[PDB]
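Below: my_file.txt (compact mmCIF, N, CA and C atoms)
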# COMPACT_ATOMS: atom_id res chain seq x y z
N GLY A 1 5.95 -16.57 33.88
CA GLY A 1 4.72 -15.87 33.54
C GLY A 1 4.36 -16.06 32.07
N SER A 2 3.65 -15.09 31.53
CA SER A 2 3.24 -15.13 30.14
C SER A 2 3.29 -13.73 29.53
N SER A 3 4.39 -13.44 28.86
CA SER A 3 4.58 -12.15 28.23
C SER A 3 5.91 -12.11 27.48
N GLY A 4 6.06 -11.08 26.66
CA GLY A 4 7.27 -10.92 25.88
C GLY A 4 6.96 -10.40 24.47
N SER A 5 7.51 -9.24 24.17
CA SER A 5 7.29 -8.62 22.87
C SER A 5 8.53 -7.82 22.46
N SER A 6 8.56 -7.46 21.19
CA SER A 6 9.68 -6.69 20.65
C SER A 6 9.57 -5.24 21.10
N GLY A 7 10.63 -4.49 20.82
CA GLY A 7 10.67 -3.08 21.19
C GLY A 7 11.39 -2.25 20.12
N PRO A 8 12.57 -1.71 20.51
CA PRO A 8 13.36 -0.90 19.60
C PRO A 8 14.06 -1.77 18.56
N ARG A 9 14.80 -1.11 17.68
CA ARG A 9 15.53 -1.82 16.64
C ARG A 9 16.99 -1.37 16.61
N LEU A 10 17.67 -1.74 15.54
CA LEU A 10 19.07 -1.38 15.39
C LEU A 10 19.19 0.11 15.08
N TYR A 11 20.19 0.45 14.29
CA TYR A 11 20.42 1.84 13.92
C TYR A 11 21.31 1.93 12.68
N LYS A 12 20.65 1.96 11.52
CA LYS A 12 21.37 2.05 10.26
C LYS A 12 20.77 3.19 9.42
N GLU A 13 21.66 4.01 8.88
CA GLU A 13 21.23 5.13 8.06
C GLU A 13 20.07 4.72 7.16
N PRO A 14 19.23 5.73 6.80
CA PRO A 14 18.08 5.48 5.95
C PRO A 14 18.52 5.29 4.49
N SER A 15 17.56 4.87 3.67
CA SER A 15 17.83 4.64 2.26
C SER A 15 16.68 5.20 1.42
N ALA A 16 16.97 6.30 0.74
CA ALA A 16 15.98 6.94 -0.11
C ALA A 16 15.68 6.04 -1.30
N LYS A 17 14.57 5.31 -1.20
CA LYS A 17 14.16 4.41 -2.26
C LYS A 17 12.69 4.64 -2.58
N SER A 18 12.27 5.89 -2.45
CA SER A 18 10.89 6.26 -2.72
C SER A 18 10.39 5.52 -3.96
N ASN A 19 9.13 5.13 -3.90
CA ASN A 19 8.51 4.42 -5.01
C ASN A 19 7.18 5.07 -5.36
N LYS A 20 7.18 6.40 -5.35
CA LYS A 20 5.98 7.16 -5.66
C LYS A 20 5.75 7.14 -7.17
N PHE A 21 6.82 7.43 -7.91
CA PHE A 21 6.74 7.45 -9.36
C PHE A 21 6.39 6.07 -9.91
N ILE A 22 6.73 5.05 -9.12
CA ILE A 22 6.45 3.68 -9.52
C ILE A 22 4.96 3.40 -9.39
N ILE A 23 4.33 4.13 -8.47
CA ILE A 23 2.90 3.97 -8.24
C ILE A 23 2.13 4.79 -9.27
N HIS A 24 2.53 6.05 -9.40
CA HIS A 24 1.89 6.94 -10.34
C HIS A 24 1.63 6.21 -11.66
N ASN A 25 2.48 5.23 -11.93
CA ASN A 25 2.36 4.44 -13.15
C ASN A 25 1.45 3.24 -12.88
N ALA A 26 1.67 2.61 -11.73
CA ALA A 26 0.89 1.45 -11.35
C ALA A 26 -0.60 1.75 -11.58
N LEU A 27 -0.94 3.02 -11.42
CA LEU A 27 -2.32 3.44 -11.61
C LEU A 27 -2.65 3.44 -13.10
N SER A 28 -1.78 4.08 -13.87
CA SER A 28 -1.97 4.16 -15.30
C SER A 28 -1.60 2.83 -15.96
N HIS A 29 -1.19 1.89 -15.12
CA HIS A 29 -0.80 0.58 -15.60
C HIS A 29 -2.05 -0.30 -15.76
N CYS A 30 -2.87 -0.30 -14.72
CA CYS A 30 -4.09 -1.08 -14.73
C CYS A 30 -4.83 -0.84 -13.42
N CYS A 31 -4.06 -0.75 -12.34
CA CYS A 31 -4.63 -0.52 -11.03
C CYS A 31 -5.76 0.49 -11.16
N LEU A 32 -5.49 1.54 -11.93
CA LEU A 32 -6.48 2.59 -12.15
C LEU A 32 -6.34 3.12 -13.57
N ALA A 33 -6.26 2.19 -14.51
CA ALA A 33 -6.12 2.55 -15.92
C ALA A 33 -7.43 2.25 -16.64
N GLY A 34 -7.94 3.26 -17.34
CA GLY A 34 -9.18 3.11 -18.08
C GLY A 34 -9.97 4.42 -18.09
N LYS A 35 -10.95 4.47 -18.98
CA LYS A 35 -11.79 5.65 -19.10
C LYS A 35 -12.71 5.75 -17.89
N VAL A 36 -13.16 4.59 -17.43
CA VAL A 36 -14.05 4.52 -16.29
C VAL A 36 -13.31 5.03 -15.04
N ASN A 37 -11.99 4.91 -15.09
CA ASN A 37 -11.16 5.35 -13.99
C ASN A 37 -10.30 6.53 -14.44
N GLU A 38 -10.85 7.31 -15.35
CA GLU A 38 -10.14 8.47 -15.87
C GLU A 38 -10.24 9.64 -14.89
N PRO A 39 -11.46 9.80 -14.31
CA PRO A 39 -11.70 10.87 -13.36
C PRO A 39 -11.07 10.55 -12.00
N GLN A 40 -11.22 9.29 -11.60
CA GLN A 40 -10.67 8.84 -10.33
C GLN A 40 -9.14 8.82 -10.40
N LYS A 41 -8.63 8.08 -11.37
CA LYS A 41 -7.19 7.96 -11.56
C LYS A 41 -6.53 9.31 -11.25
N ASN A 42 -7.05 10.34 -11.91
CA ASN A 42 -6.52 11.68 -11.72
C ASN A 42 -6.57 12.04 -10.23
N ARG A 43 -7.73 11.80 -9.64
CA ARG A 43 -7.92 12.09 -8.23
C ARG A 43 -6.83 11.42 -7.39
N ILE A 44 -6.44 10.23 -7.83
CA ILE A 44 -5.41 9.47 -7.14
C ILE A 44 -4.04 10.08 -7.44
N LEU A 45 -3.83 10.38 -8.71
CA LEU A 45 -2.58 10.97 -9.15
C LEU A 45 -2.33 12.26 -8.37
N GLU A 46 -3.41 12.96 -8.08
CA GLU A 46 -3.33 14.21 -7.35
C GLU A 46 -3.00 13.94 -5.88
N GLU A 47 -3.89 13.19 -5.24
CA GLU A 47 -3.71 12.85 -3.84
C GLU A 47 -2.24 12.58 -3.54
N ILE A 48 -1.64 11.75 -4.39
CA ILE A 48 -0.24 11.40 -4.24
C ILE A 48 0.61 12.67 -4.32
N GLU A 49 0.41 13.41 -5.40
CA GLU A 49 1.15 14.64 -5.62
C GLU A 49 0.90 15.62 -4.46
N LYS A 50 -0.32 15.59 -3.95
CA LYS A 50 -0.69 16.46 -2.85
C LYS A 50 -0.07 15.93 -1.56
N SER A 51 0.04 14.62 -1.48
CA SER A 51 0.61 13.98 -0.31
C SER A 51 2.13 14.14 -0.32
N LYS A 52 2.69 14.36 0.86
CA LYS A 52 4.12 14.53 1.00
C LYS A 52 4.76 13.17 1.32
N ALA A 53 4.09 12.12 0.88
CA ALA A 53 4.58 10.77 1.11
C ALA A 53 5.50 10.37 -0.04
N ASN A 54 6.41 9.45 0.27
CA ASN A 54 7.35 8.97 -0.72
C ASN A 54 7.03 7.52 -1.08
N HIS A 55 6.45 6.82 -0.11
CA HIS A 55 6.08 5.43 -0.31
C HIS A 55 4.56 5.30 -0.32
N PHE A 56 4.05 4.82 -1.44
CA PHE A 56 2.61 4.64 -1.60
C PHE A 56 2.28 3.19 -1.96
N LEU A 57 1.24 2.68 -1.32
CA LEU A 57 0.81 1.31 -1.57
C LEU A 57 -0.60 1.33 -2.18
N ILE A 58 -0.90 0.27 -2.91
CA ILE A 58 -2.20 0.15 -3.54
C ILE A 58 -3.02 -0.93 -2.83
N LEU A 59 -4.18 -0.52 -2.34
CA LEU A 59 -5.06 -1.44 -1.64
C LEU A 59 -6.00 -2.11 -2.64
N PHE A 60 -5.92 -3.43 -2.70
CA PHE A 60 -6.76 -4.19 -3.61
C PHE A 60 -7.92 -4.86 -2.86
N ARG A 61 -8.78 -5.50 -3.63
CA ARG A 61 -9.93 -6.18 -3.06
C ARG A 61 -9.51 -7.51 -2.44
N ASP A 62 -8.64 -8.21 -3.16
CA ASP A 62 -8.15 -9.50 -2.70
C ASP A 62 -7.37 -10.18 -3.82
N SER A 63 -6.05 -10.19 -3.66
CA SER A 63 -5.19 -10.80 -4.66
C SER A 63 -5.21 -9.98 -5.95
N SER A 64 -4.38 -8.95 -5.97
CA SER A 64 -4.29 -8.08 -7.13
C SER A 64 -5.67 -7.90 -7.75
N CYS A 65 -6.64 -7.64 -6.89
CA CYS A 65 -8.01 -7.44 -7.34
C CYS A 65 -8.22 -5.95 -7.61
N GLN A 66 -7.61 -5.48 -8.69
CA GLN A 66 -7.72 -4.08 -9.06
C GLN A 66 -7.44 -3.18 -7.85
N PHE A 67 -7.52 -1.88 -8.09
CA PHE A 67 -7.27 -0.91 -7.03
C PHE A 67 -8.56 -0.60 -6.27
N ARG A 68 -8.41 -0.50 -4.95
CA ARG A 68 -9.55 -0.20 -4.10
C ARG A 68 -9.36 1.15 -3.40
N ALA A 69 -8.13 1.38 -2.95
CA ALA A 69 -7.81 2.62 -2.27
C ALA A 69 -6.29 2.75 -2.16
N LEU A 70 -5.83 3.99 -2.11
CA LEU A 70 -4.41 4.26 -2.00
C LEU A 70 -4.07 4.59 -0.54
N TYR A 71 -2.83 4.28 -0.17
CA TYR A 71 -2.37 4.53 1.18
C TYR A 71 -0.88 4.89 1.20
N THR A 72 -0.48 5.58 2.25
CA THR A 72 0.91 5.99 2.40
C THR A 72 1.56 5.24 3.56
N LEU A 73 2.82 4.88 3.36
CA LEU A 73 3.57 4.17 4.38
C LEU A 73 4.21 5.17 5.33
N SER A 74 4.04 4.92 6.62
CA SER A 74 4.60 5.79 7.64
C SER A 74 6.09 5.49 7.83
N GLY A 75 6.91 6.47 7.47
CA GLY A 75 8.35 6.32 7.59
C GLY A 75 8.76 6.15 9.05
N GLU A 76 7.85 6.53 9.94
CA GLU A 76 8.10 6.42 11.36
C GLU A 76 7.92 4.97 11.83
N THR A 77 7.01 4.28 11.15
CA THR A 77 6.73 2.89 11.48
C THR A 77 6.52 2.07 10.21
N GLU A 78 5.62 1.11 10.31
CA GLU A 78 5.31 0.25 9.17
C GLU A 78 3.82 0.29 8.86
N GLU A 79 3.12 1.15 9.58
CA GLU A 79 1.68 1.30 9.39
C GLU A 79 1.40 2.09 8.11
N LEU A 80 0.17 1.94 7.62
CA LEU A 80 -0.24 2.63 6.41
C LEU A 80 -1.47 3.49 6.72
N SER A 81 -1.42 4.73 6.24
CA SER A 81 -2.51 5.66 6.45
C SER A 81 -3.38 5.74 5.19
N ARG A 82 -4.66 5.98 5.41
CA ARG A 82 -5.60 6.09 4.31
C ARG A 82 -5.44 7.44 3.60
N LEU A 83 -4.91 7.37 2.39
CA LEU A 83 -4.70 8.57 1.60
C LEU A 83 -6.03 9.01 0.97
N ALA A 84 -6.58 8.11 0.17
CA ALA A 84 -7.85 8.39 -0.50
C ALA A 84 -8.55 7.07 -0.81
N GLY A 85 -9.77 7.19 -1.32
CA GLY A 85 -10.56 6.02 -1.66
C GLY A 85 -11.62 5.74 -0.59
N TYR A 86 -11.60 4.52 -0.09
CA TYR A 86 -12.54 4.11 0.94
C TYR A 86 -12.10 2.81 1.61
N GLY A 87 -11.73 2.94 2.88
CA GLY A 87 -11.29 1.79 3.65
C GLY A 87 -10.98 2.18 5.10
N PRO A 88 -10.08 1.38 5.73
CA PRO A 88 -9.69 1.64 7.11
C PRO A 88 -8.74 2.83 7.20
N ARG A 89 -9.12 3.78 8.05
CA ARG A 89 -8.31 4.97 8.24
C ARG A 89 -6.82 4.63 8.15
N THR A 90 -6.44 3.60 8.89
CA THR A 90 -5.06 3.16 8.90
C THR A 90 -4.97 1.65 8.69
N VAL A 91 -3.77 1.19 8.39
CA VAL A 91 -3.54 -0.23 8.16
C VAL A 91 -2.22 -0.64 8.82
N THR A 92 -2.29 -1.73 9.56
CA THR A 92 -1.11 -2.24 10.25
C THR A 92 -0.50 -3.41 9.47
N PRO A 93 0.77 -3.73 9.82
CA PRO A 93 1.48 -4.82 9.16
C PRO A 93 0.97 -6.17 9.65
N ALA A 94 0.13 -6.12 10.67
CA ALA A 94 -0.44 -7.33 11.24
C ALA A 94 -1.68 -7.74 10.44
N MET A 95 -2.32 -6.74 9.85
CA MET A 95 -3.51 -6.98 9.06
C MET A 95 -3.14 -7.31 7.61
N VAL A 96 -1.94 -6.90 7.23
CA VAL A 96 -1.46 -7.15 5.88
C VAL A 96 -1.32 -8.65 5.65
N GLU A 97 -2.11 -9.16 4.72
CA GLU A 97 -2.09 -10.57 4.40
C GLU A 97 -0.87 -10.91 3.55
N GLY A 98 -0.73 -10.17 2.45
CA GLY A 98 0.39 -10.38 1.55
C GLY A 98 0.90 -9.05 1.00
N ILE A 99 2.11 -9.09 0.47
CA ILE A 99 2.73 -7.90 -0.09
C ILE A 99 3.24 -8.21 -1.50
N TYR A 100 3.32 -7.16 -2.31
CA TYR A 100 3.79 -7.31 -3.68
C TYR A 100 4.57 -6.07 -4.12
N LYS A 101 5.33 -6.25 -5.20
CA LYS A 101 6.13 -5.16 -5.73
C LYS A 101 5.73 -4.90 -7.19
N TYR A 102 6.44 -3.98 -7.81
CA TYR A 102 6.17 -3.63 -9.20
C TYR A 102 7.45 -3.70 -10.04
N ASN A 103 7.46 -4.64 -10.97
CA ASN A 103 8.61 -4.82 -11.84
C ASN A 103 8.78 -3.57 -12.71
N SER A 104 9.72 -2.73 -12.30
CA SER A 104 10.00 -1.50 -13.03
C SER A 104 10.91 -1.79 -14.23
N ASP A 105 11.17 -3.08 -14.43
CA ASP A 105 12.03 -3.50 -15.52
C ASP A 105 11.19 -4.28 -16.54
N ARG A 106 10.25 -5.05 -16.02
CA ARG A 106 9.38 -5.85 -16.87
C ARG A 106 7.99 -5.22 -16.95
N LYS A 107 7.78 -4.23 -16.09
CA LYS A 107 6.50 -3.54 -16.05
C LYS A 107 5.40 -4.52 -15.64
N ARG A 108 5.73 -5.35 -14.66
CA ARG A 108 4.79 -6.33 -14.16
C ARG A 108 4.70 -6.27 -12.64
N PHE A 109 3.94 -7.20 -12.08
CA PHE A 109 3.77 -7.27 -10.64
C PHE A 109 4.39 -8.54 -10.07
N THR A 110 4.94 -8.41 -8.87
CA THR A 110 5.57 -9.54 -8.21
C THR A 110 5.21 -9.56 -6.72
N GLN A 111 5.40 -10.72 -6.11
CA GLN A 111 5.10 -10.88 -4.70
C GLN A 111 6.38 -10.76 -3.86
N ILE A 112 6.19 -10.52 -2.57
CA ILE A 112 7.31 -10.39 -1.66
C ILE A 112 7.44 -11.67 -0.84
N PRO A 113 8.72 -12.07 -0.60
CA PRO A 113 9.00 -13.27 0.17
C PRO A 113 8.77 -13.03 1.66
N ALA A 114 8.50 -11.77 1.99
CA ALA A 114 8.27 -11.39 3.37
C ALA A 114 6.82 -10.90 3.52
N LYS A 115 6.37 -10.86 4.76
CA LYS A 115 5.02 -10.41 5.05
C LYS A 115 5.07 -9.03 5.71
N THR A 116 6.28 -8.50 5.79
CA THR A 116 6.49 -7.19 6.39
C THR A 116 6.66 -6.13 5.31
N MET A 117 6.46 -4.88 5.71
CA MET A 117 6.59 -3.77 4.79
C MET A 117 8.06 -3.56 4.38
N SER A 118 8.24 -2.98 3.21
CA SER A 118 9.57 -2.72 2.70
C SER A 118 9.49 -1.85 1.44
N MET A 119 10.54 -1.08 1.22
CA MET A 119 10.60 -0.20 0.07
C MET A 119 10.48 -1.00 -1.23
N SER A 120 10.65 -2.31 -1.11
CA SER A 120 10.56 -3.19 -2.26
C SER A 120 9.12 -3.67 -2.44
N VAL A 121 8.20 -2.85 -1.97
CA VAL A 121 6.78 -3.18 -2.07
C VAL A 121 6.07 -2.10 -2.87
N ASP A 122 4.98 -2.51 -3.52
CA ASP A 122 4.20 -1.58 -4.32
C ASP A 122 2.77 -2.12 -4.46
N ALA A 123 2.37 -2.90 -3.47
CA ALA A 123 1.04 -3.48 -3.47
C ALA A 123 0.90 -4.42 -2.27
N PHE A 124 -0.28 -4.38 -1.67
CA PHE A 124 -0.56 -5.22 -0.51
C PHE A 124 -2.06 -5.51 -0.39
N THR A 125 -2.37 -6.57 0.35
CA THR A 125 -3.75 -6.96 0.55
C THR A 125 -3.99 -7.32 2.02
N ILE A 126 -4.77 -6.49 2.68
CA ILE A 126 -5.09 -6.71 4.08
C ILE A 126 -5.74 -8.08 4.24
N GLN A 127 -6.02 -8.43 5.49
CA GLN A 127 -6.64 -9.71 5.79
C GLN A 127 -8.03 -9.79 5.15
N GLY A 128 -8.69 -10.91 5.39
CA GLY A 128 -10.02 -11.13 4.84
C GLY A 128 -11.09 -10.89 5.91
N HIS A 129 -10.71 -11.13 7.15
CA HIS A 129 -11.63 -10.95 8.26
C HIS A 129 -11.95 -9.47 8.43
N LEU A 130 -11.18 -8.65 7.73
CA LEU A 130 -11.37 -7.21 7.79
C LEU A 130 -12.69 -6.85 7.11
N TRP A 131 -12.76 -7.15 5.82
CA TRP A 131 -13.96 -6.86 5.05
C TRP A 131 -15.15 -7.50 5.78
N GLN A 132 -15.11 -8.82 5.87
CA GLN A 132 -16.18 -9.55 6.54
C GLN A 132 -16.43 -8.98 7.93
N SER A 133 -17.58 -9.33 8.48
CA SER A 133 -17.95 -8.86 9.81
C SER A 133 -17.75 -9.97 10.83
N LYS A 134 -17.31 -9.58 12.02
CA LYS A 134 -17.07 -10.53 13.09
C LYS A 134 -16.79 -9.78 14.39
N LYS A 135 -15.68 -9.05 14.38
CA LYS A 135 -15.29 -8.28 15.55
C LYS A 135 -14.07 -7.43 15.21
N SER A 136 -13.70 -6.58 16.15
CA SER A 136 -12.55 -5.71 15.96
C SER A 136 -12.12 -5.11 17.31
N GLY A 137 -10.81 -4.95 17.45
CA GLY A 137 -10.26 -4.40 18.68
C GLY A 137 -8.73 -4.40 18.64
N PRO A 138 -8.13 -3.41 19.36
CA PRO A 138 -6.69 -3.29 19.41
C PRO A 138 -6.08 -4.36 20.32
N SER A 139 -4.76 -4.33 20.42
CA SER A 139 -4.05 -5.29 21.25
C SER A 139 -2.62 -4.82 21.49
N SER A 140 -2.27 -4.69 22.76
CA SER A 140 -0.94 -4.24 23.13
C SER A 140 -0.64 -4.65 24.58
N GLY A 141 -1.55 -4.26 25.47
CA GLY A 141 -1.40 -4.58 26.88
C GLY A 141 -2.74 -4.96 27.50

Please, can you express the file's structure as structure tokens?
Amino acid sequence: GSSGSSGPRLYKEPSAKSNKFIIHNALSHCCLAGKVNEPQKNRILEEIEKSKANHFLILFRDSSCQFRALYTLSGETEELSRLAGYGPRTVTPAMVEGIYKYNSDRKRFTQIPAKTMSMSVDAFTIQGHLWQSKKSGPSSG
């Protein structure tokens, strides 16, 4: 026939590697650093503080194209929920074009060798067909 997909996973204790504080800075770093983003930045700094999330990602326009919207990573899965800003209510790892991290040692930005979510991430950019218009629909069965 024609079918076959993944399901459950292994079973290894969790690892508290929250990167919220790393983001709070990413904003004051440049993502949302500036007088023009003085009122917003705060709004973002709050949302995060208000949010009970530990992992926060920064949604850019395309290729570290400044900050567009903030999102939280679902510890239950790999999907991302829309925290604040303006974009897709949620974001899947299938739509994620690329992923990046934040050099907490060099205070810079880096890319991930993987296309999947991970605590070693601090920035991502959804696909391009998203912004553009064409079509949209789920897929599972």

Problem set entry | helix (DSSP H, G or I) positions in range 40-121 of chain A, given as a ChimeraX atom specification | /A:40-50

Exercise. Any idea what's packed within 6 Å of range 78-95 of chain A, counting only N, CA and C atoms, ignoring anything in its chain fewer than 2 positions away? Could you give it as a ChimeraX atom specification?
Worked result: /A:68-74,76,97,125-127

Exercise. Quick one: residues within 7 Å of range 17-26 of chain A, only N, CA and C atoms counted, chain neighbours fewer than 2 positions away excluded, as JSON, numbers by chain?
Worked result: {"A": [14, 15, 28, 29, 30, 31, 32, 33, 45, 53, 54, 55, 56, 119, 122]}

File of the preceding selection, N, CA and C atoms, as a PDB file, in the coordinates of the input:
ATOM      1  N   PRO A  14      19.230   5.730   6.800  1.00  0.00           N
ATOM      2  CA  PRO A  14      18.080   5.480   5.950  1.00  0.00           C
ATOM      3  C   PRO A  14      18.520   5.290   4.490  1.00  0.00           C
ATOM      4  N   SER A  15      17.560   4.870   3.670  1.00  0.00           N
ATOM      5  CA  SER A  15      17.830   4.640   2.260  1.00  0.00           C
ATOM      6  C   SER A  15      16.680   5.200   1.420  1.00  0.00           C
ATOM      7  N   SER A  28      -1.780   4.080 -13.870  1.00  0.00           N
ATOM      8  CA  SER A  28      -1.970   4.160 -15.300  1.00  0.00           C
ATOM      9  C   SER A  28      -1.600   2.830 -15.960  1.00  0.00           C
ATOM     10  N   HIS A  29      -1.190   1.890 -15.120  1.00  0.00           N
ATOM     11  CA  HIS A  29      -0.800   0.580 -15.600  1.00  0.00           C
ATOM     12  C   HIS A  29      -2.050  -0.300 -15.760  1.00  0.00           C
ATOM     13  N   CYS A  30      -2.870  -0.300 -14.720  1.00  0.00           N
ATOM     14  CA  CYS A  30      -4.090  -1.080 -14.730  1.00  0.00           C
ATOM     15  C   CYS A  30      -4.830  -0.840 -13.420  1.00  0.00           C
ATOM     16  N   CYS A  31      -4.060  -0.750 -12.340  1.00  0.00           N
ATOM     17  CA  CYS A  31      -4.630  -0.520 -11.030  1.00  0.00           C
ATOM     18  C   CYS A  31      -5.760   0.490 -11.160  1.00  0.00           C
ATOM     19  N   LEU A  32      -5.490   1.540 -11.930  1.00  0.00           N
ATOM     20  CA  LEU A  32      -6.480   2.590 -12.150  1.00  0.00           C
ATOM     21  C   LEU A  32      -6.340   3.120 -13.570  1.00  0.00           C
ATOM     22  N   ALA A  33      -6.260   2.190 -14.510  1.00  0.00           N
ATOM     23  CA  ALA A  33      -6.120   2.550 -15.920  1.00  0.00           C
ATOM     24  C   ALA A  33      -7.430   2.250 -16.640  1.00  0.00           C
ATOM     25  N   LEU A  45      -3.830  10.380  -8.710  1.00  0.00           N
ATOM     26  CA  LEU A  45      -2.580  10.970  -9.150  1.00  0.00           C
ATOM     27  C   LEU A  45      -2.330  12.260  -8.370  1.00  0.00           C
ATOM     28  N   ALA A  53       4.090  12.120   0.880  1.00  0.00           N
ATOM     29  CA  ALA A  53       4.580  10.770   1.110  1.00  0.00           C
ATOM     30  C   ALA A  53       5.500  10.370  -0.040  1.00  0.00           C
ATOM     31  N   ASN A  54       6.410   9.450   0.270  1.00  0.00           N
ATOM     32  CA  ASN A  54       7.350   8.970  -0.720  1.00  0.00           C
ATOM     33  C   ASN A  54       7.030   7.520  -1.080  1.00  0.00           C
ATOM     34  N   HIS A  55       6.450   6.820  -0.110  1.00  0.00           N
ATOM     35  CA  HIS A  55       6.080   5.430  -0.310  1.00  0.00           C
ATOM     36  C   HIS A  55       4.560   5.300  -0.320  1.00  0.00           C
ATOM     37  N   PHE A  56       4.050   4.820  -1.440  1.00  0.00           N
ATOM     38  CA  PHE A  56       2.610   4.640  -1.600  1.00  0.00           C
ATOM     39  C   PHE A  56       2.280   3.190  -1.960  1.00  0.00           C
ATOM     40  N   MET A 119      10.540  -1.080   1.220  1.00  0.00           N
ATOM     41  CA  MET A 119      10.600  -0.200   0.070  1.00  0.00           C
ATOM     42  C   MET A 119      10.480  -1.000  -1.230  1.00  0.00           C
ATOM     43  N   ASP A 122       4.980  -2.510  -3.520  1.00  0.00           N
ATOM     44  CA  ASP A 122       4.200  -1.580  -4.320  1.00  0.00           C
ATOM     45  C   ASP A 122       2.770  -2.120  -4.460  1.00  0.00           C
TER      46      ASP A 122
END

Problem set entry | Exercise: residue 124 in chain A partners within 6 Å, all atoms listed in the file, chain neighbours under 2 positions left out, as a list in words | residues 57, 58, 59, 60, 98, 99, 100, 122 and 126 of chain A

Exercise. Which is closest to residue 37 in chain A among A:2, A:66, A:132, A:105, if we use only C-alpha atoms?
Worked result: A:66

For this session: Using DSSP on the backbone coordinates, identify the residues of range 14-127 of chain A assigned to strand (DSSP E or B); present them as a PyMOL selection string.
Result: chain A and resi 56-60+67-73+80-84+90-91+96-103+108-111+123-126

Exercise. CA of residue 5 in chain A and atom C of residue 139 in chain A are how many Å apart?
Worked result: 10.7 Å

Taking all atoms of range 15-21 of chain A that appear in the file, build a box with edges along x, y and z, extend it by 3 Å on every side, and state its centre and edge lengths in Å to one decimal, as lines of an AutoDock Vina configuration file.
center_x = 11.8
center_y = 5.9
center_z = -3.1
size_x = 18.1
size_y = 9.0
size_z = 19.6

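The space separating CA of residue 64 in chain A from CA of residue 101 in chain A comes to 10.9 Å.
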
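The point (8.3, -9.7, -4.6) has these residues within 12 Å of it, counting only C-alpha atoms: residues 98, 99, 100, 101, 102, 103, 104, 108, 109, 110, 111, 112, 113, 114, 115, 116, 117, 118, 119, 120, 121, 122, 123 and 124 of chain A.
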